[PDB]
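Reviewing the structure listed below.
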Amino acid sequence: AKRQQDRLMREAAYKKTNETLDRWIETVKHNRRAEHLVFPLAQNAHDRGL
Amino acid sequence: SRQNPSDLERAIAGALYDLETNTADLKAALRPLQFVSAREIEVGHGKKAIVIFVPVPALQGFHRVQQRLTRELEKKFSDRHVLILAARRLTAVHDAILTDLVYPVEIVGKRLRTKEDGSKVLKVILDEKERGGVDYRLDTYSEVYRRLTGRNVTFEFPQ
Amino acid sequence: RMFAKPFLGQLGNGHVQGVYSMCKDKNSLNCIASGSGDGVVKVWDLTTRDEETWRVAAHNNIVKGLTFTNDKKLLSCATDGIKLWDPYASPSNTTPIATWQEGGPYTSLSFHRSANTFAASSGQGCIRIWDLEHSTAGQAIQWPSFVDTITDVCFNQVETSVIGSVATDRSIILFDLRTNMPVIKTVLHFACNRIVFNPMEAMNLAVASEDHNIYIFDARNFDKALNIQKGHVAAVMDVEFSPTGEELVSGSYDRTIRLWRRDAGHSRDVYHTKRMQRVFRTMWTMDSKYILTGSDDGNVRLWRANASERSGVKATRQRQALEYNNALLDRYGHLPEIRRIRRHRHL
Amino acid sequence: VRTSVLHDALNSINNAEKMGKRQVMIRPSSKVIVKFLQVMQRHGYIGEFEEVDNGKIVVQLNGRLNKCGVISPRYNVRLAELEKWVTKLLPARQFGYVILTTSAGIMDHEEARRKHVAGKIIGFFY
Amino acid sequence: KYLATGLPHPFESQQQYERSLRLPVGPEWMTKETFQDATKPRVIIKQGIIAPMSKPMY
Amino acid sequence: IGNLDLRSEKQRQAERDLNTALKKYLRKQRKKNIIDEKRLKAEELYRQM
Amino acid sequence: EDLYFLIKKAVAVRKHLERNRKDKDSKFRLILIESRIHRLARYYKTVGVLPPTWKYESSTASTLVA
Amino acid sequence: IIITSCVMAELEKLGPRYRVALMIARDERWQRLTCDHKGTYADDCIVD
Amino acid sequence: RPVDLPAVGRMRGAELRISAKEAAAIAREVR
RNA sequence: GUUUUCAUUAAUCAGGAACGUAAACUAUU
RNA sequence: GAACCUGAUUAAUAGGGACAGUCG
Ligand SMILES: [Zn+2]
């Protein structure tokens with residue numbers, strides 16, 4: 001059925017999006033477990049490697 | 001009645017004739033019915049759904065037995081959504097078309113929800129006690145109702 | 001409690017009718033815009049708050065959504081349909097340079113972080129996604145049989161191509177832009193007014209909902225809320241994470257702004273004023289020090305978070321005294337006298 | 001008993017706009033009420049309403065309107081009278097609208113001046 | 001009124017909390033380096049655009 | 001300054017989670033002379049003992 | 001019929017009132033029930049389901065229990 | 001026709017019953033004289 | 001007194017009653 | 001309460017009709 | 001003085017009646 005085919009395709013999309021947020025889990029974990037956070041980030045600087 | 005047959009009217013009438021013998025051991029509205037009316041216009045893309053029109057006391061004569069009649073009409077004929085309805089020729093007629101569309105399940109409410117401009121969307125809710133076997137038939141219900149009447153409605157179980 | 005003086009100012013003369021939408025520029029630092037209820041939008045510069053920089057009688061109805069592009073231009077929704085203006089040009093132009101009416105009644109906007117893509121939440125139950133300069137009608141992504149209006153839409157700024165939305169089915173829905181389809185849909189108990197994402201943690205979101213409540217959810221596991229902030233009286237109208245990702249502003253439907261920590265579950269601060277009539281849109285500046293409040297009195301007000309902490313350059317024995325006081329309150333903040341004086345606020 | 005079900009509905013809308021609620025349950029529905037709220041929704045003073053059936057109307061309101069009212073004897077009005085009736089009913093000519101049951105339907109006074117048709121004054125909001 | 005009425009939220013034991021505070025923060029009782037390291041704030045916000053994080057750090 | 005009020009902590013946890021002495025009990029509670037159904041249960045216990 | 005049950009209640013009330021004759025609450029309820037009878041009877045006259053010369057004072061009560 | 005910010009302040013300090021008079025005052029075509037004083041008392045502002 | 005109340009007739013709840021003289025007074029003012 | 005019926009029968013009171021020693025501190029909320 | 005409407009309606013969140021257990 002169209003509803004079940006849509007449900008399986010969107011379950012596959014949910015697994016792909018969970019993979020692309022599991023790439024962020026480790027940095028979120030280090031930011032919540034760290035002792036001192038420095039904002040703004042070093043990676044967002046407009047002169048990063050100069 | 002009203003018809004001289006098309007290509008599939010004689011096939012569905014032969015199915016109604018063949019359900020008399022060579023089978024069950026169940027016939028109450030099967031012998032007092034003749035060739036009546038049928039229509040074959042698409043639902044979604046790829047699939048179609050057969051509707052058959054019924055004389056107006058034979059709608060309660062068919063409310064007598066519709067379990068496993070529509071199952072064998074789905075299985076033994078063409079593997080598509082079978083659907084019976086009365087034939088008619090205003091708002092009470094469209095209400096009748098809805099409540100004879102949904103045959104096991106009683107509709108509860110109609111919510112005519114407008115939008116932030118003049119556009120409006122009707123949405124008729126169903127009964128909660130029967131949910132599992134109807135949800136794959138809901139888009140067929142909505143599309144057959146659009147194709148017969150012209151008013152876009154969408155069917156939804158309440159949550 | 002003595003030097004807690006949070007009100008800083010008010011942007012210009014304000015609007016005529018109430019401020020029903022406003023949006024910052026996430027690339028710049030002093031570019032704000034606000035669209036009122038009589039359909040006039042104004043672009044403000046935060047360095048010179050005396051008068052507006054650019055105003056136009058944009059639409060007929062109220063301005064429901066509004067955003068800035070990543071180049072310099074701004075977009076605005078209405079029930080009319082969305083429009084695009086160039087507010088920074090050497091002649092001032094009142095006329096739009098693009099308009100879009102097909103796609104039902106639009107409700108909100110959200111711009112992409114990097115590219116020129118933006119998604120508009122419509123009232124037909126779909127969102128539709130445009131790319132500027134090579135798309136005209138956009139691509140309409142929807143839940144397959146969906147009827148109720150999608151109220152808010154928000155691009156995830158950390159993880160690009162993940163779009164969250166709330167809808168008046170008391171539901172939140174996700175969207176993956178890479179494979180253009182919806183992803184997951186959860187029905188909550190009450191309607192949600194606004195979704196927002198965390199700018200430091202890509203997976204956490206917050207819904208401001210008519211349950212007087214803020215729900216911090218995890219986008220990978222929608223089983224339970226990560227946190228439930230409950231402090232309000234009337235419904236929550238707007239929520240916004242701080243750009244450091246550790247605090248929240250919520251403007252409510254009664255006359256209150258509530259400032260929250262991320263793990264708190266109860267109010268750090270409450271801001272209110274007899275002149276402030278209702279609160280509709282609250283958002284931080286990109287300093288993460290000042291917050292802005294678009295009210296129903298037609299006023300955009302500039303408050304500060306950390307109400308007793310003054311800005312500017314401090315001497316070392318000044319900021320050491322302030323940091324020493326904050327560490328000392330972190331330790332002894334739970335004792336009874338200290339607790340009652342630090343929790344007392346005049347509502 | 002107030003047979004004016006439009007007045008009962010508009011009394012409920014005024015009570016909600018005073019009490020700061022975000023929706024109502026207009027218990028007796030009609031069609032003139034639906035047209036009234038259609039005009040209010042055109043001019044943006046009411047968010048979104050639905051007619052559910054037993055029926056009743058659920059009216060999401062934005063918190064933008066001040067007062068609803070019905071003119072109870074429903075006096076007839078021409079255009080040269082309509083200008084003075086607008087400036088005597090509304091606090092300002094640019095704020096709020098007067099509702100008219102014309103031969104072209106039910107609409108506001110600006111749409112009546114657009115479509116060049118007069119009629120009876122039925123209500124007003126601002 | 002100087003005793004504490006209940007345990008604070010993360011703590012699980014009376015010995016844990018009443019032995020976890022244990023040391024004065026102030027500059028009279030600790031050295032200057034210790035005082036600086038113990039009253040550094042957790043989140044250090046400098047001025048500027050605090051843009052959301054582009055790429056994963058770890 | 002900052003130590004536990006142990007009585008208040010025990011009461012907080014209570015409101016969150018919610019043959020040699022039973023003769024001097026009656027010796028102390030025969031003098032009131034409130035009858036007080038816990039003393040009726042104690043009298044039945046003393047009769048069983 | 002509604003009118004039939006109402007006139008039956010009226011005959012029952014008047015018979016009890018004739019046997020007792022002293023109370024006033026039954027007389028007041030009799031006045032209420034006779035007003036109700038006359039109003040429903042007038043609506044059924046202006047529809048026309050019954051004769052327009054048919055009347056109930058006490059003789060119709062007597063000839064419908066008899 | 002000018003309106004001082006003390007006058008706008010007292011019109012805003014009065015409740016949402018006066019929202020129509022507030023919008024009428026907040027019509028855009030009029031001059032807004034910003035005031036540099038403390039109390040937002042319209043009588044003393046106008047007299048000074 | 002309330003500012004928002006219109007000047008033609010009396011207001012009771014959401015119902016605004018206009019006497020027959022007042023609708024005649026506006027028609028006199030137009031002519 | 002019902003797995004009960006006719007479907008405007010209704011609302012309000014001009015006229016009229018039935019019942020009959022005291023006072024003294026006070027559309028929702 | 002209800003709503004509904006390019007051979008007999010909604011069955012009213014107004015009526016009157018019937019039945020049952022009751023209640024004072
Ligand atoms: Zn002044």
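Here, A, B, ... name the chains of the structure tokens in the order displayed, residue numbers run from 1 inside each chain, and ligands are numbered from 1 in the same displayed order.
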Nearby polymer residues, ligand 1, at most 12 Å, only C-alpha atoms (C1' of nucleotides) and all ligand atoms, as a VMD selection string: chain H and resid 3 to 10 32 to 48
Residues flagged alpha helix (DSSP H) by DSSP in chain A, as a PyMOL selection string: chain A and resi 2-22+25-33
Write the residues you've just listed into a file as a PDB file, in the first residue's frame, and include C-alpha atoms for each of them.
```pdb
ATOM      1  CA  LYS A   2       1.024   3.616  -0.490  1.00  0.00           C
ATOM      2  CA  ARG A   3       0.920   4.310   3.248  1.00  0.00           C
ATOM      3  CA  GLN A   4       3.148   1.339   4.071  1.00  0.00           C
ATOM      4  CA  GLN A   5       5.598   2.084   1.247  1.00  0.00           C
ATOM      5  CA  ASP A   6       5.798   5.689   2.465  1.00  0.00           C
ATOM      6  CA  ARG A   7       6.298   4.478   6.034  1.00  0.00           C
ATOM      7  CA  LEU A   8       9.215   2.237   5.060  1.00  0.00           C
ATOM      8  CA  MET A   9      10.863   4.963   2.957  1.00  0.00           C
ATOM      9  CA  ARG A  10      10.526   7.494   5.767  1.00  0.00           C
ATOM     10  CA  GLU A  11      11.911   4.964   8.247  1.00  0.00           C
ATOM     11  CA  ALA A  12      14.973   4.731   5.988  1.00  0.00           C
ATOM     12  CA  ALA A  13      15.171   8.537   5.966  1.00  0.00           C
ATOM     13  CA  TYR A  14      15.000   8.522   9.772  1.00  0.00           C
ATOM     14  CA  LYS A  15      17.929   6.089   9.962  1.00  0.00           C
ATOM     15  CA  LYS A  16      19.991   8.282   7.614  1.00  0.00           C
ATOM     16  CA  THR A  17      19.258  11.433   9.627  1.00  0.00           C
ATOM     17  CA  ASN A  18      20.087   9.621  12.871  1.00  0.00           C
ATOM     18  CA  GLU A  19      23.464   8.709  11.371  1.00  0.00           C
ATOM     19  CA  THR A  20      24.149  12.328  10.442  1.00  0.00           C
ATOM     20  CA  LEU A  21      23.329  13.428  14.001  1.00  0.00           C
ATOM     21  CA  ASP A  22      25.347  10.596  15.530  1.00  0.00           C
ATOM     22  CA  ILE A  25      26.934  13.209  19.449  1.00  0.00           C
ATOM     23  CA  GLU A  26      30.648  13.064  20.368  1.00  0.00           C
ATOM     24  CA  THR A  27      31.240  16.827  20.277  1.00  0.00           C
ATOM     25  CA  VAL A  28      27.978  17.456  22.136  1.00  0.00           C
ATOM     26  CA  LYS A  29      29.198  14.948  24.725  1.00  0.00           C
ATOM     27  CA  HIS A  30      32.572  16.662  25.103  1.00  0.00           C
ATOM     28  CA  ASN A  31      30.935  20.089  25.379  1.00  0.00           C
ATOM     29  CA  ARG A  32      28.588  18.910  28.108  1.00  0.00           C
ATOM     30  CA  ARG A  33      31.339  17.024  29.963  1.00  0.00           C
TER      31      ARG A  33
END
```
Exercise: residue 43 of chain F partners within 12 Å, only C-alpha atoms (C1' of nucleotides), chain neighbours under 6 positions left out, as number ranges by chain: F: 22-23, 25-27, 29-30, 35-37, 49
Residues within 12 Å of residue 10 of chain I, only C-alpha atoms (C1' of nucleotides), excluding chain neighbours under 4 positions, as a list in words: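 The residues that qualify are residues 69, 70, 71, 72 and 89 of chain D; 5, 6, 14, 15, 16, 17, 18, 19 and 22 of chain I.
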Strand (DSSP E or B) call set, DSSP backbone run, segment 90-251 of chain C, as an MDAnalysis selection string: chainID C and resid 98:100 106:111 117:122 126:131 139:142 150:155 162:167 171:176 181:187 192:197 204:209 213:218 227:230 236:241 247:251
Would you put the residues from that selection into a file with C-alpha atoms, as a PDB file, in the first residue's frame?
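Result file out.pdb:
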```pdb
ATOM      1  CA  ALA C  98      10.449  39.307  -5.979  1.00  0.00           C
ATOM      2  CA  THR C  99       7.055  38.068  -4.838  1.00  0.00           C
ATOM      3  CA  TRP C 100       5.413  34.680  -4.434  1.00  0.00           C
ATOM      4  CA  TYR C 106       2.145  31.121   4.181  1.00  0.00           C
ATOM      5  CA  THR C 107       2.817  31.341   7.895  1.00  0.00           C
ATOM      6  CA  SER C 108       6.552  31.433   8.590  1.00  0.00           C
ATOM      7  CA  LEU C 109      10.022  31.635   7.061  1.00  0.00           C
ATOM      8  CA  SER C 110      13.383  30.115   7.853  1.00  0.00           C
ATOM      9  CA  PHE C 111      16.620  30.711   5.968  1.00  0.00           C
ATOM     10  CA  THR C 117      17.909  28.253   0.370  1.00  0.00           C
ATOM     11  CA  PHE C 118      14.873  29.010   2.490  1.00  0.00           C
ATOM     12  CA  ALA C 119      11.757  27.173   3.573  1.00  0.00           C
ATOM     13  CA  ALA C 120       8.357  28.771   4.010  1.00  0.00           C
ATOM     14  CA  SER C 121       5.743  27.097   6.167  1.00  0.00           C
ATOM     15  CA  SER C 122       2.351  27.411   4.475  1.00  0.00           C
ATOM     16  CA  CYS C 126       3.207  21.610   3.483  1.00  0.00           C
ATOM     17  CA  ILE C 127       6.452  23.491   3.703  1.00  0.00           C
ATOM     18  CA  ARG C 128       8.037  24.578   0.469  1.00  0.00           C
ATOM     19  CA  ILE C 129      11.686  25.149  -0.207  1.00  0.00           C
ATOM     20  CA  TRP C 130      13.147  27.698  -2.591  1.00  0.00           C
ATOM     21  CA  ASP C 131      16.695  28.224  -3.707  1.00  0.00           C
ATOM     22  CA  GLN C 139       9.627  22.225  -4.030  1.00  0.00           C
ATOM     23  CA  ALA C 140       6.671  21.450  -1.772  1.00  0.00           C
ATOM     24  CA  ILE C 141       7.483  18.844   0.880  1.00  0.00           C
ATOM     25  CA  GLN C 142       4.584  17.539   2.935  1.00  0.00           C
ATOM     26  CA  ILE C 150       2.165  24.195   9.734  1.00  0.00           C
ATOM     27  CA  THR C 151       2.650  27.081  12.137  1.00  0.00           C
ATOM     28  CA  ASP C 152       6.419  27.430  12.469  1.00  0.00           C
ATOM     29  CA  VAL C 153       9.455  26.236  10.549  1.00  0.00           C
ATOM     30  CA  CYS C 154      13.106  26.287  11.565  1.00  0.00           C
ATOM     31  CA  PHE C 155      16.235  25.199   9.756  1.00  0.00           C
ATOM     32  CA  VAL C 162      17.329  19.154   8.768  1.00  0.00           C
ATOM     33  CA  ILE C 163      14.102  21.134   9.121  1.00  0.00           C
ATOM     34  CA  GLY C 164      11.750  21.049  12.096  1.00  0.00           C
ATOM     35  CA  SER C 165       8.142  22.173  12.076  1.00  0.00           C
ATOM     36  CA  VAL C 166       5.159  22.335  14.396  1.00  0.00           C
ATOM     37  CA  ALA C 167       1.545  21.989  13.358  1.00  0.00           C
ATOM     38  CA  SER C 171       2.338  17.671  16.453  1.00  0.00           C
ATOM     39  CA  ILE C 172       5.966  18.187  15.544  1.00  0.00           C
ATOM     40  CA  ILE C 173       7.301  16.942  12.213  1.00  0.00           C
ATOM     41  CA  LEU C 174      10.810  16.656  10.875  1.00  0.00           C
ATOM     42  CA  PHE C 175      12.135  16.986   7.349  1.00  0.00           C
ATOM     43  CA  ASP C 176      15.325  15.829   5.681  1.00  0.00           C
ATOM     44  CA  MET C 181      10.490  13.816   2.380  1.00  0.00           C
ATOM     45  CA  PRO C 182       9.218  14.070   5.953  1.00  0.00           C
ATOM     46  CA  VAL C 183      10.931  11.921   8.533  1.00  0.00           C
ATOM     47  CA  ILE C 184       8.992  11.520  11.804  1.00  0.00           C
ATOM     48  CA  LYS C 185       5.847  13.007  13.361  1.00  0.00           C
ATOM     49  CA  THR C 186       4.906  13.038  17.029  1.00  0.00           C
ATOM     50  CA  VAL C 187       1.605  14.172  18.484  1.00  0.00           C
ATOM     51  CA  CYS C 192       2.878  23.899  20.052  1.00  0.00           C
ATOM     52  CA  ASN C 193       3.410  27.509  19.096  1.00  0.00           C
ATOM     53  CA  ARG C 194       7.040  27.446  18.039  1.00  0.00           C
ATOM     54  CA  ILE C 195       9.929  25.065  17.366  1.00  0.00           C
ATOM     55  CA  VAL C 196      13.586  26.047  17.676  1.00  0.00           C
ATOM     56  CA  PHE C 197      16.905  24.184  17.629  1.00  0.00           C
ATOM     57  CA  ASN C 204      18.219  19.187  20.667  1.00  0.00           C
ATOM     58  CA  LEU C 205      15.092  21.193  20.002  1.00  0.00           C
ATOM     59  CA  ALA C 206      12.632  23.185  22.073  1.00  0.00           C
ATOM     60  CA  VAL C 207       8.913  23.577  21.497  1.00  0.00           C
ATOM     61  CA  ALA C 208       7.040  26.454  23.088  1.00  0.00           C
ATOM     62  CA  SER C 209       3.562  25.095  23.638  1.00  0.00           C
ATOM     63  CA  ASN C 213       5.444  24.874  28.750  1.00  0.00           C
ATOM     64  CA  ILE C 214       8.792  24.473  27.019  1.00  0.00           C
ATOM     65  CA  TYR C 215       9.750  20.950  26.012  1.00  0.00           C
ATOM     66  CA  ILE C 216      13.408  20.254  25.242  1.00  0.00           C
ATOM     67  CA  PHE C 217      13.419  17.185  22.987  1.00  0.00           C
ATOM     68  CA  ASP C 218      16.051  14.960  21.425  1.00  0.00           C
ATOM     69  CA  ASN C 227      13.685  18.739  29.847  1.00  0.00           C
ATOM     70  CA  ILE C 228      10.399  20.414  30.744  1.00  0.00           C
ATOM     71  CA  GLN C 229      10.554  24.102  31.620  1.00  0.00           C
ATOM     72  CA  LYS C 230       7.372  25.051  33.478  1.00  0.00           C
ATOM     73  CA  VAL C 236       4.156  30.558  25.572  1.00  0.00           C
ATOM     74  CA  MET C 237       4.367  32.553  22.376  1.00  0.00           C
ATOM     75  CA  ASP C 238       8.056  32.472  21.457  1.00  0.00           C
ATOM     76  CA  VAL C 239      11.165  30.582  22.549  1.00  0.00           C
ATOM     77  CA  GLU C 240      14.750  31.228  21.472  1.00  0.00           C
ATOM     78  CA  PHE C 241      17.982  29.545  22.480  1.00  0.00           C
ATOM     79  CA  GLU C 247      20.059  29.575  27.899  1.00  0.00           C
ATOM     80  CA  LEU C 248      16.542  30.272  26.678  1.00  0.00           C
ATOM     81  CA  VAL C 249      14.213  33.242  26.339  1.00  0.00           C
ATOM     82  CA  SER C 250      10.475  32.738  26.235  1.00  0.00           C
ATOM     83  CA  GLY C 251       7.998  35.491  25.589  1.00  0.00           C
TER      84      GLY C 251
END
```
Interface, chain D side, toward chain J (8 Å; only C-alpha atoms (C1' of nucleotides)) as an NGL selection string: :D and (1 or 8 or 11-12 or 15)
Grab the residues selected above and save them as a short mmCIF file (atom, residue, chain, number, x, y, z; two decimals), in the first residue's frame with N, CA and C atoms.
```cif
data_model
loop_
_atom_site.label_atom_id
_atom_site.label_comp_id
_atom_site.auth_asym_id
_atom_site.auth_seq_id
_atom_site.Cartn_x
_atom_site.Cartn_y
_atom_site.Cartn_z
N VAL D 1 -34.38 35.28 26.61
CA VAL D 1 -33.65 34.64 25.52
C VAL D 1 -33.31 35.66 24.44
N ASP D 8 -25.02 36.44 20.61
CA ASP D 8 -24.44 35.53 21.60
C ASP D 8 -23.01 35.14 21.24
N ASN D 11 -20.80 38.21 21.80
CA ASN D 11 -20.58 38.38 23.23
C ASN D 11 -19.51 37.42 23.73
N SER D 12 -19.51 36.18 23.23
CA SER D 12 -18.46 35.24 23.61
C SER D 12 -17.09 35.67 23.10
N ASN D 15 -15.90 38.48 25.36
CA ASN D 15 -15.45 37.94 26.64
C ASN D 15 -14.08 37.27 26.53
#
```
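Residues from chain B that have an atom within 10 Å of chain D, counting only C-alpha atoms, are residues 108, 109, 110, 111, 112, 113, 114, 115, 116, 117, 118, 120, 121, 122, 123 and 124 of chain B.
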Next, write the just-selected residues to a file, as an mmCIF file, in the first residue's frame, keeping C-alpha atoms as the atom set.
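The new file out19.cif reads:
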```cif
data_model
loop_
_atom_site.group_PDB
_atom_site.id
_atom_site.type_symbol
_atom_site.label_atom_id
_atom_site.label_comp_id
_atom_site.auth_asym_id
_atom_site.auth_seq_id
_atom_site.Cartn_x
_atom_site.Cartn_y
_atom_site.Cartn_z
ATOM 1 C CA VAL B 108 -18.642 10.938 13.842
ATOM 2 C CA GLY B 109 -17.952 14.563 13.031
ATOM 3 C CA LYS B 110 -17.233 16.918 10.172
ATOM 4 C CA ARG B 111 -14.707 19.677 10.844
ATOM 5 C CA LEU B 112 -14.842 22.364 8.164
ATOM 6 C CA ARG B 113 -11.649 24.201 8.996
ATOM 7 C CA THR B 114 -10.951 27.455 7.217
ATOM 8 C CA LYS B 115 -7.452 28.837 6.714
ATOM 9 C CA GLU B 116 -6.120 32.362 7.287
ATOM 10 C CA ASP B 117 -7.681 33.383 3.952
ATOM 11 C CA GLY B 118 -10.875 32.360 2.173
ATOM 12 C CA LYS B 120 -11.428 26.032 3.551
ATOM 13 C CA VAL B 121 -10.775 22.318 4.065
ATOM 14 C CA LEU B 122 -13.375 19.791 5.134
ATOM 15 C CA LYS B 123 -12.190 16.841 7.197
ATOM 16 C CA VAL B 124 -14.538 14.076 8.345
#
```
Distance in Å - atom CA of residue 8 of chain I versus atom CA of residue 45 of chain D: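 Spanning atom CA of residue 8 of chain I to atom CA of residue 45 of chain D is a straight-line distance of 23.7 Å.
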Residues within 10 Å of segment 85-87 of chain C, only C-alpha atoms (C1' of nucleotides), excluding chain neighbours under 3 positions, as a count of residues only: 26
Shell of 8 Å around residue 90 of chain D, only C-alpha atoms (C1' of nucleotides), local chain residues under 6 positions omitted, as a VMD selection string: (chain D and resid 96 to 98 126) or (chain I and resid 6)
Test item: chain E residues at most 8 Å from chain F, counting only C-alpha atoms, as a ChimeraX atom specification: /E:2-7,14,18
Export N, CA, C and O atoms of the chosen residues as a short mmCIF file (atom, residue, chain, number, x, y, z; two decimals), in the first residue's frame?
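Listed below is the output, out_12.cif:
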```
data_model
loop_
_atom_site.label_atom_id
_atom_site.label_comp_id
_atom_site.auth_asym_id
_atom_site.auth_seq_id
_atom_site.Cartn_x
_atom_site.Cartn_y
_atom_site.Cartn_z
N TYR E 2 20.92 28.91 59.61
CA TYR E 2 22.19 28.73 58.92
C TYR E 2 22.44 27.29 58.55
O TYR E 2 23.29 27.01 57.71
N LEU E 3 21.72 26.36 59.17
CA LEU E 3 21.71 25.00 58.65
C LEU E 3 20.92 24.94 57.34
O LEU E 3 20.11 25.81 57.04
N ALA E 4 21.17 23.89 56.56
CA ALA E 4 20.48 23.70 55.29
C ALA E 4 19.32 22.73 55.46
O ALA E 4 19.49 21.67 56.07
N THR E 5 18.16 23.08 54.90
CA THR E 5 16.94 22.33 55.15
C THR E 5 16.89 20.99 54.43
O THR E 5 16.24 20.06 54.93
N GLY E 6 17.54 20.86 53.29
CA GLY E 6 17.56 19.59 52.59
C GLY E 6 18.79 19.51 51.73
O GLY E 6 19.54 20.48 51.57
N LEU E 7 19.01 18.32 51.18
CA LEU E 7 20.16 18.12 50.31
C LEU E 7 19.94 18.84 48.98
O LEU E 7 18.83 18.85 48.44
N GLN E 14 24.59 12.97 52.96
CA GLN E 14 24.95 14.05 53.87
C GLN E 14 26.46 14.19 53.99
O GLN E 14 26.98 15.31 53.97
N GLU E 18 28.22 17.71 52.77
CA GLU E 18 28.86 18.44 53.85
C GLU E 18 30.36 18.25 53.87
O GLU E 18 31.06 19.02 54.54
#
```
What are the nearest atom pairs, with distances in Å to one decimal, for all residues of segment 53-126 of chain B that come at most 12 Å from chain K, using only C-alpha atoms (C1' of nucleotides), set out by chain and rising residue number as JSON lines?
```
{"residue": "B:90", "atom": "CA", "partner": "K:5", "partner_atom": "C1'", "distance": 9.5}
{"residue": "B:91", "atom": "CA", "partner": "K:5", "partner_atom": "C1'", "distance": 9.8}
{"residue": "B:92", "atom": "CA", "partner": "K:9", "partner_atom": "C1'", "distance": 8.9}
```
Neighbours of chain J in chain G at 8 Å, counting only C-alpha atoms (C1' of nucleotides), as JSON, numbers by chain: {"G": [2, 24, 28, 31, 40, 43]}
Write to file, as a PDB file, in the first residue's frame, the residues of the selection just made, with N, CA and C atoms.
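Final file, part.pdb:
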```pdb
ATOM      1  N   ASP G   2     -50.059  13.381  23.749  1.00  0.00           N
ATOM      2  CA  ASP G   2     -49.691  14.300  24.821  1.00  0.00           C
ATOM      3  C   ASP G   2     -50.924  14.934  25.446  1.00  0.00           C
ATOM      4  N   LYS G  24     -54.970  23.150  48.793  1.00  0.00           N
ATOM      5  CA  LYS G  24     -54.817  24.176  47.778  1.00  0.00           C
ATOM      6  C   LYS G  24     -53.686  23.902  46.799  1.00  0.00           C
ATOM      7  N   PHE G  28     -53.792  24.500  42.800  1.00  0.00           N
ATOM      8  CA  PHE G  28     -52.804  25.263  42.045  1.00  0.00           C
ATOM      9  C   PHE G  28     -52.213  24.433  40.909  1.00  0.00           C
ATOM     10  N   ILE G  31     -54.705  24.326  38.167  1.00  0.00           N
ATOM     11  CA  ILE G  31     -54.682  25.541  37.353  1.00  0.00           C
ATOM     12  C   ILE G  31     -53.530  25.494  36.355  1.00  0.00           C
ATOM     13  N   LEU G  40     -51.664  23.620  24.658  1.00  0.00           N
ATOM     14  CA  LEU G  40     -51.388  22.553  23.697  1.00  0.00           C
ATOM     15  C   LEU G  40     -52.595  22.294  22.804  1.00  0.00           C
ATOM     16  N   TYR G  43     -52.620  25.008  20.082  1.00  0.00           N
ATOM     17  CA  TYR G  43     -51.669  24.689  19.014  1.00  0.00           C
ATOM     18  C   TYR G  43     -52.191  23.570  18.119  1.00  0.00           C
TER      19      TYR G  43
END
```
